[PDB]
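Shown here is one chain on its own, the form deposited in one PDB entry, set out as structure tokens.
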């Protein structure tokens, strides 16, 4: 089965000032999320769901990274392909989890910032893990985004954001795709990481000015490819190639998002064991086909809100994530 975990965000200043009370309780021991759905103080109804891990509102980024990402990175380094999705309502912390933010007032360098998310920590950690173990390696990254079923490259320095890319089937791979023109940027060392991310964020701002509600309607796929070579005591070369996809999905909230609709239908087909799985009906599912019932090791981080206002979308996210637990992949 694929791994599914839930992370609740903390209340913001607005909500605190209103003296909001959380409707979500996370029990990491029981690995349970419980949501208050109705009823007064002294008596209530709840809905409860069990996941692979649960992370309550006070969970820090480093603890998400250690619990979830560390083991996945180790499998990437062994030469497996892995994907982590963030799924949930706009405003629940998909981008916070996958990217993170900067601590205010230049308190930290990027490497040491506690608010850093999965992407920067991962890139930083690859260089640390492979520092002097006998494995020669290179790291390449791309950042592809999908908005209104069009493809954009958020790292090509010499293309304007608005040039769409074209996708084709990869002839040497049944079910693989080729994305014509997608830039892969070589990351030569840890000191090259930040400015690469910065250039991405700058292209994203241009995108947002151009395309309506870009940040909530777009899907983004940040790919890290690690090409590895070991030499044995007899001078034989051993090759390993690991790929990690870190995906920040469109907001799940209730205009037409074909890729998000098709993801849900792919999940349904897989869990119901329907023989036709509709991968080909969107760009997102064609690109990530191998992550959904394929040979990639997959995790989903489902993000939720503590706030009573968000009750129905929270329940929808939890039901969707709980169903996805039944997806079966066959890694390597």
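Numbering follows the first chain given and starts at 1. C-alpha atoms forming the largest set that superposes within 1.5 Å between two forms make up the rigid core.
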Do at least a third of the other entries of this protein fail to model residue 255?
yes
How about residue 271: is it missing in a third or more of the other compared entries?
no
If the chain runs straight from residue 254 to residue 255, say none; otherwise bin the unmodelled deposited residues as 1 to 3, 4 to 9, or 10 or more.
10 or more
Mean temperature factor over C-alpha atoms, higher-scoring stretch between 227-235 and 165-173:
165-173
On average, which has the higher Cα B-factor in the deposited entry, 6-14 or 309-317?
6-14
Using the entry's values, work out which of 290, 52, 42, 63 has the largest Cα B factor.
42
Among 92, 206, 135, 262 - the residue whose C-alpha B-factor is largest in the record:
135
Residue 285 CA temperature factor, ranked by third within the chain:
lowest
Could you look up the Cα B-factor of residue 220 in the entry and say which third of the chain it sits in: lowest, middle or highest?
lowest
Taking the chain's C-alpha temperature factors as the reference, tell me which third residue 120 falls into: lowest, middle or highest.
lowest
Assert third(CA B-factor, residue 88) within chain per record equals lowest
Within-chain third of residue 274 by Cα B-factor, per the entry
highest
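Note that the form deposited in another entry isn't included here; everything after this is about it.
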Residue 236: Cα shift of 2 Å or greater between the shown form and the other one (core-aligned)
yes
Any chance the CA of residue 182 moves 2 angstroms or more between the shown form and the other one, core superposed?
no
Using a rigid core superposition, assess whether residue 61 undergoes a CA shift of 2 Å or more between the shown form and the other one.
yes
Given that the distance between the C-alpha atoms of residue 117 and residue 33 changes by 3 Å or more in that other deposited form, do they end up closer or farther than here?
farther
Closer or farther in that other deposited form, the Cα atoms of residue 83 and residue 116, when the shift from this form is 3 Å or more
closer
